[PDB]
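Pasting upload-v1.csv here (CSV, C-alpha atoms and all ligand atoms):
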chain,number,residue,atom,x,y,z
A,1,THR,CA,120.8,126.7,-111.8
A,2,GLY,CA,117.4,127.4,-110.4
A,3,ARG,CA,117.0,124.4,-108.2
A,4,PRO,CA,113.4,123.9,-106.9
A,5,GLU,CA,114.5,124.6,-103.3
A,6,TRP,CA,116.1,128.0,-103.8
A,7,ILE,CA,113.0,129.9,-102.7
A,8,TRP,CA,113.2,128.4,-99.2
A,9,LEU,CA,117.0,129.1,-99.1
A,10,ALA,CA,116.2,132.7,-100.0
A,11,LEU,CA,113.4,133.0,-97.4
A,12,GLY,CA,115.7,131.4,-94.7
A,13,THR,CA,118.4,133.9,-95.7
A,14,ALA,CA,116.1,136.8,-95.3
A,15,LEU,CA,114.6,135.8,-91.9
A,16,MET,CA,118.0,134.8,-90.4
A,17,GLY,CA,119.3,138.2,-91.6
A,18,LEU,CA,116.4,140.2,-90.3
A,19,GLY,CA,116.6,138.4,-87.0
A,20,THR,CA,120.3,139.0,-86.6
A,21,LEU,CA,120.1,142.7,-87.3
A,22,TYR,CA,117.2,143.2,-84.9
A,23,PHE,CA,119.0,141.3,-82.1
A,24,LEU,CA,122.2,143.3,-82.9
A,25,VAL,CA,120.4,146.7,-82.6
A,26,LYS,CA,118.6,145.5,-79.4
A,27,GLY,CA,121.8,144.1,-77.9
A,28,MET,CA,124.0,147.2,-78.5
A,29,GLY,CA,121.6,149.3,-76.5
A,30,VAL,CA,121.8,147.2,-73.3
A,31,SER,CA,124.4,148.1,-70.6
A,32,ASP,CA,123.9,145.2,-68.2
A,33,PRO,CA,127.1,142.9,-68.5
A,34,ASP,CA,125.1,139.7,-68.2
A,35,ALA,CA,122.4,140.7,-70.6
A,36,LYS,CA,125.1,141.6,-73.2
A,37,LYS,CA,126.6,138.1,-72.9
A,38,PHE,CA,123.3,136.6,-73.7
A,39,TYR,CA,122.8,139.1,-76.6
A,40,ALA,CA,126.2,138.4,-78.2
A,41,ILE,CA,125.7,134.6,-78.1
A,42,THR,CA,122.1,134.8,-79.3
A,43,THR,CA,122.9,137.3,-82.1
A,44,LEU,CA,125.8,135.1,-83.4
A,45,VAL,CA,123.4,132.1,-83.8
A,46,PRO,CA,121.3,133.6,-86.7
A,47,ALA,CA,124.3,135.5,-88.0
A,48,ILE,CA,126.0,132.1,-88.7
A,49,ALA,CA,122.8,130.6,-90.0
A,50,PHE,CA,122.5,133.6,-92.3
A,51,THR,CA,125.9,133.0,-93.9
A,52,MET,CA,125.3,129.3,-94.6
A,53,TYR,CA,121.8,129.9,-95.9
A,54,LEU,CA,123.1,132.6,-98.3
A,55,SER,CA,126.0,130.4,-99.4
A,56,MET,CA,123.7,127.5,-100.2
A,57,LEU,CA,121.4,129.9,-102.1
A,58,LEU,CA,124.4,130.9,-104.2
A,59,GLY,CA,125.2,127.2,-105.0
A,60,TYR,CA,127.6,126.3,-102.3
A,61,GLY,CA,127.6,123.6,-99.6
A,62,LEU,CA,125.9,121.1,-102.0
A,63,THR,CA,127.6,117.8,-103.0
A,64,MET,CA,126.3,114.7,-104.8
A,65,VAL,CA,126.7,111.5,-102.8
A,66,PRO,CA,126.2,108.0,-104.4
A,67,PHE,CA,123.9,105.4,-102.9
A,68,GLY,CA,120.7,103.6,-103.7
A,69,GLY,CA,121.7,103.7,-107.3
A,70,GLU,CA,121.4,107.5,-107.5
A,71,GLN,CA,123.4,110.7,-107.3
A,72,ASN,CA,121.7,112.2,-104.2
A,73,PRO,CA,122.0,116.0,-103.5
A,74,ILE,CA,123.3,116.6,-100.0
A,75,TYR,CA,123.6,120.1,-98.4
A,76,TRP,CA,126.6,119.7,-96.2
A,77,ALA,CA,126.5,123.4,-95.5
A,78,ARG,CA,123.9,122.7,-92.9
A,79,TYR,CA,126.4,120.9,-90.7
A,80,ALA,CA,128.9,123.8,-90.8
A,81,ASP,CA,126.0,125.9,-89.5
A,82,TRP,CA,124.7,123.5,-86.8
A,83,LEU,CA,128.3,122.6,-85.6
A,84,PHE,CA,128.5,126.1,-84.0
A,85,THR,CA,124.8,127.1,-83.7
A,86,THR,CA,123.5,124.1,-81.7
A,87,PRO,CA,126.1,124.4,-79.0
A,88,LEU,CA,125.6,128.1,-78.7
A,89,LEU,CA,121.9,127.5,-78.1
A,90,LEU,CA,122.8,125.0,-75.4
A,91,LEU,CA,125.2,127.6,-73.9
A,92,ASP,CA,122.3,130.1,-73.7
A,93,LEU,CA,120.2,127.5,-71.8
A,94,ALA,CA,123.1,126.5,-69.5
A,95,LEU,CA,123.9,130.1,-68.6
A,96,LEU,CA,120.2,130.6,-67.8
A,97,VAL,CA,120.0,127.9,-65.1
A,98,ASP,CA,123.7,128.5,-64.1
A,99,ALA,CA,124.7,124.9,-65.0
A,100,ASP,CA,128.1,123.6,-63.9
A,101,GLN,CA,131.1,123.6,-66.1
A,102,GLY,CA,131.2,119.8,-66.3
A,103,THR,CA,127.6,119.8,-67.6
A,104,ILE,CA,128.3,122.3,-70.3
A,105,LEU,CA,131.4,120.3,-71.5
A,106,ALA,CA,129.3,117.1,-71.7
A,107,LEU,CA,126.5,118.8,-73.6
A,108,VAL,CA,128.8,120.5,-76.1
A,109,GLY,CA,130.8,117.3,-76.5
A,110,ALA,CA,127.6,115.3,-77.1
A,111,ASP,CA,126.5,118.1,-79.5
A,112,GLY,CA,129.7,117.9,-81.5
A,113,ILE,CA,129.2,114.1,-81.7
A,114,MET,CA,125.6,114.6,-82.9
A,115,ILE,CA,126.7,116.9,-85.8
A,116,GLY,CA,129.8,115.0,-86.7
A,117,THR,CA,128.2,111.6,-87.0
A,118,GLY,CA,125.2,113.3,-88.6
A,119,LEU,CA,127.5,114.6,-91.3
A,120,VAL,CA,129.5,111.3,-91.7
A,121,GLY,CA,126.1,109.6,-92.2
A,122,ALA,CA,125.0,112.2,-94.8
A,123,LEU,CA,128.2,111.4,-96.8
A,124,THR,CA,128.3,107.6,-96.4
A,125,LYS,CA,128.1,105.7,-99.7
A,126,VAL,CA,126.8,102.4,-98.2
A,127,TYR,CA,123.1,103.0,-98.0
A,128,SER,CA,122.5,100.9,-94.8
A,129,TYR,CA,125.5,102.4,-93.0
A,130,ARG,CA,124.0,105.9,-93.5
A,131,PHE,CA,121.4,104.8,-90.9
A,132,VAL,CA,124.0,103.5,-88.5
A,133,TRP,CA,125.5,107.0,-88.2
A,134,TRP,CA,122.0,108.6,-88.0
A,135,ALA,CA,121.2,106.2,-85.1
A,136,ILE,CA,124.4,107.2,-83.3
A,137,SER,CA,123.7,110.9,-83.9
A,138,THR,CA,120.1,110.6,-82.7
A,139,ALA,CA,121.3,108.8,-79.6
A,140,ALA,CA,123.6,111.8,-78.8
A,141,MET,CA,120.6,114.1,-79.4
A,142,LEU,CA,118.6,112.1,-76.9
A,143,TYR,CA,121.4,112.4,-74.3
A,144,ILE,CA,121.3,116.2,-74.7
A,145,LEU,CA,117.5,116.4,-74.5
A,146,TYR,CA,117.5,114.1,-71.4
A,147,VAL,CA,120.0,116.5,-69.7
A,148,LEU,CA,118.0,119.6,-70.5
A,149,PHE,CA,114.7,118.0,-69.3
A,150,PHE,CA,116.0,116.1,-66.3
A,151,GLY,CA,119.2,118.0,-65.4
A,152,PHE,CA,118.5,121.6,-66.2
A,153,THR,CA,114.8,121.8,-65.3
A,154,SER,CA,116.0,120.7,-61.8
A,155,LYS,CA,118.7,123.4,-61.9
A,156,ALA,CA,116.2,126.1,-62.8
A,157,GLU,CA,114.5,125.4,-59.4
A,158,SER,CA,117.3,127.5,-57.7
A,159,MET,CA,116.4,130.5,-59.8
A,160,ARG,CA,113.6,133.1,-59.5
A,161,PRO,CA,110.2,132.2,-60.9
A,162,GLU,CA,110.5,134.3,-64.0
A,163,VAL,CA,114.0,132.8,-64.8
A,164,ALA,CA,112.6,129.2,-64.3
A,165,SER,CA,109.5,130.1,-66.3
A,166,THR,CA,111.6,131.5,-69.2
A,167,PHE,CA,113.8,128.4,-69.2
A,168,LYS,CA,110.8,126.1,-69.3
A,169,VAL,CA,109.4,127.7,-72.5
A,170,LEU,CA,112.8,127.7,-74.2
A,171,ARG,CA,113.4,124.1,-73.0
A,172,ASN,CA,110.0,123.1,-74.5
A,173,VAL,CA,110.7,124.9,-77.8
A,174,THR,CA,114.0,123.2,-78.1
A,175,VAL,CA,112.8,119.7,-77.2
A,176,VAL,CA,109.9,119.9,-79.8
A,177,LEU,CA,112.0,121.5,-82.6
A,178,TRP,CA,115.2,119.4,-82.2
A,179,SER,CA,113.4,116.1,-82.0
A,180,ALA,CA,112.0,116.8,-85.5
A,181,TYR,CA,115.3,117.1,-87.3
A,182,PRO,CA,116.2,113.4,-87.2
A,183,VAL,CA,112.8,112.5,-88.5
A,184,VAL,CA,113.2,114.9,-91.4
A,185,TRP,CA,116.7,113.5,-92.1
A,186,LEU,CA,115.3,110.0,-92.1
A,187,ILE,CA,112.5,110.5,-94.6
A,188,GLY,CA,114.3,113.1,-96.7
A,189,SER,CA,117.1,113.2,-99.2
A,190,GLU,CA,119.6,112.0,-96.6
A,191,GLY,CA,117.6,109.0,-95.7
A,192,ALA,CA,114.7,107.2,-97.4
A,193,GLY,CA,114.2,109.8,-100.2
A,194,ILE,CA,110.5,109.9,-99.6
A,195,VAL,CA,110.1,113.7,-99.0
A,196,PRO,CA,111.4,115.8,-101.9
A,197,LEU,CA,114.5,118.1,-101.4
A,198,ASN,CA,112.4,121.2,-102.0
A,199,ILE,CA,109.9,120.3,-99.3
A,200,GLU,CA,112.7,119.0,-97.0
A,201,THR,CA,114.4,122.4,-97.4
A,202,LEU,CA,111.1,124.1,-96.5
A,203,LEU,CA,110.9,121.9,-93.3
A,204,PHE,CA,114.5,122.6,-92.2
A,205,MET,CA,114.0,126.4,-92.9
A,206,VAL,CA,110.9,126.5,-90.6
A,207,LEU,CA,112.6,124.6,-87.8
A,208,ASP,CA,115.9,126.6,-88.2
A,209,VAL,CA,114.2,130.0,-88.1
A,210,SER,CA,112.0,128.8,-85.2
A,211,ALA,CA,114.9,127.3,-83.3
A,212,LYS,CA,117.0,130.4,-83.7
A,213,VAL,CA,115.0,133.6,-84.2
A,214,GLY,CA,111.9,132.3,-82.4
A,215,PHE,CA,114.1,131.0,-79.5
A,216,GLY,CA,116.0,134.3,-79.6
A,217,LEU,CA,112.9,136.5,-79.4
A,218,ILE,CA,111.6,134.5,-76.4
A,219,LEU,CA,114.9,134.7,-74.5
A,220,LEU,CA,116.0,138.3,-75.3
A,221,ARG,CA,112.5,139.7,-74.6
A,222,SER,CA,112.7,138.3,-71.1
A,223,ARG,CA,113.9,139.8,-67.8
A,224,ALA,CA,115.8,136.6,-67.2
A,225,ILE,CA,119.0,137.7,-69.0
A,226,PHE,CA,119.7,140.5,-66.5
A,227,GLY,CA,122.3,139.8,-63.8
A,301,LIG,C1,119.6,126.1,-85.7
A,301,LIG,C2,119.7,124.6,-85.8
A,301,LIG,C3,119.3,123.7,-84.9
A,301,LIG,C4,118.6,124.0,-83.5
A,301,LIG,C5,119.6,122.4,-85.3
A,301,LIG,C6,119.3,121.3,-84.6
A,301,LIG,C7,119.7,120.1,-85.3
A,301,LIG,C8,119.5,118.8,-84.8
A,301,LIG,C9,118.8,118.5,-83.5
A,301,LIG,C10,120.0,117.8,-85.7
A,301,LIG,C11,119.9,116.4,-85.5
A,301,LIG,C12,120.4,115.3,-86.3
A,301,LIG,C13,120.2,114.0,-85.8
A,301,LIG,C14,119.5,113.5,-84.5
A,301,LIG,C15,120.6,112.7,-86.6
A,301,LIG,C16,120.9,112.9,-88.1
A,301,LIG,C17,121.5,114.1,-88.5
A,301,LIG,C18,121.1,115.5,-87.8
A,301,LIG,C19,122.5,116.3,-87.6
A,301,LIG,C20,120.2,116.2,-88.8

Show me the file's structure as structure tokens.
Ligand SMILES: *C/C=C(C)/C=C/C=C(C)/C=C/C1=C(C)CCCC1(C)C
Amino acid sequence: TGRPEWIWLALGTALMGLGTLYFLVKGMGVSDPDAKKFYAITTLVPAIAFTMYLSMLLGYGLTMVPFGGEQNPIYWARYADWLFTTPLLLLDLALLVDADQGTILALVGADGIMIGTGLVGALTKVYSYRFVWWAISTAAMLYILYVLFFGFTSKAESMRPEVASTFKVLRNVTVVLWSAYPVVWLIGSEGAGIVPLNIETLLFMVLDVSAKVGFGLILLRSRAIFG
């Protein structure tokens, strides 16, 4: 069907795949138990993204939703990806600063809410109500970011310098990249329809690769994953 955005879905497919393979090869060679746990989690992240990117490329995960007097193209496949990838990334961060079980539960719960309401909003047929779900989803995102910035950064002060320094960089990459998603959603096809789907796809691809492969390289190349 040659939709304008396929080139970005194809490029995201390739980068997510390359990233996954490389992390897989690199993780299989490691013998430290703790480093292996980080490797399995981190490898799974782009592996999942890969499948969803490839599916969308082949014409799946796309549904037309009515609102604003138009049949708007909505890629729901993105939420099936993010439902599992975002909490795994949070787990990597939590294991890094040795966060408590209660903290992890709250972050994942908040993450599930962010993705769930995000998807409900992306499927809502009442234009103005789309933004109510988006508002609720962004709020949950802000809760998560608050915890990583105020809770975790504090927690990282119990760890060695290199562990705290690695966490700060990953914390900063996450805060910057994650905060951008709601904005893209708002001005894109899911929201105000200002930015075209092809460009929107290009934007999500850059953020996704960065948030997963970029994040992954930073973490797995560090000495912080060793027990
Ligand atoms: C690999 C994917 C990552 C790191 C995805 C992060 C996605 C977000 C932080 C998404 C946030 C959203 C909102 C705040 C509100 C509207 C809908 C979402 C799900 C796009």

Can you list, as a VMD selection string, every protein, DNA or RNA residue that comes within 12 Å of residue A:40 when you count all atoms listed in the file, leaving out same-chain residues fewer than 2 positions away?
-> chain A and resid 20 to 21 23 to 30 33 to 38 42 to 47 88 to 89 91 to 92 216 220 225

Compile the contact shell of stretch 189-198 of chain A as a count of residues only: residues with an atom at most 10 Å away, counting all atoms listed in the file, same-chain residues fewer than 6 positions apart removed.
-> 26

Give as number ranges by chain the set of residues within 12 Å of the point (111.6, 134.8, -79.7), where distances use the file's coordinates and all atoms listed in the file.
-> A: 19-20, 22-23, 42-43, 166, 169-170, 173-174, 209-222

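Each of A:188, A:61, A:151, A:161 was checked against ligand LIG 301 (chain A) using only C-alpha atoms and all ligand atoms; the smallest atom-to-atom distance is that of A:188.
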
Given a cut-off of 6 Å, what residues near ligand LIG 301 (chain A) show up using all atoms listed in the file, put as a list in words?
-> residues 82, 85, 86, 114, 115, 118, 134, 137, 138, 141, 178, 181, 182, 185, 208, 211 and 212 of chain A

Rank nothing, just name the residue among A:90, A:132, A:148, A:206 nearest to residue A:186, using all atoms listed in the file.
->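 Of the candidates, the smallest distance to residue A:186 is held by A:132.
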
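With atom CA of residue A:83 on one side and atom CA of residue A:165 on the other, the separation reads 28.0 Å.
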
Determine, counting all atoms listed in the file, which protein, DNA and RNA residues have an atom within 9 Å of an atom of residue A:10; residues of the same chain fewer than 4 positions away are not included. Present the result as number ranges by chain.
-> A: 5-6, 14-15, 53-54, 57

Which residue of A:207, A:142, A:187, A:93 approaches residue A:171 most closely, using only C-alpha atoms | A:93
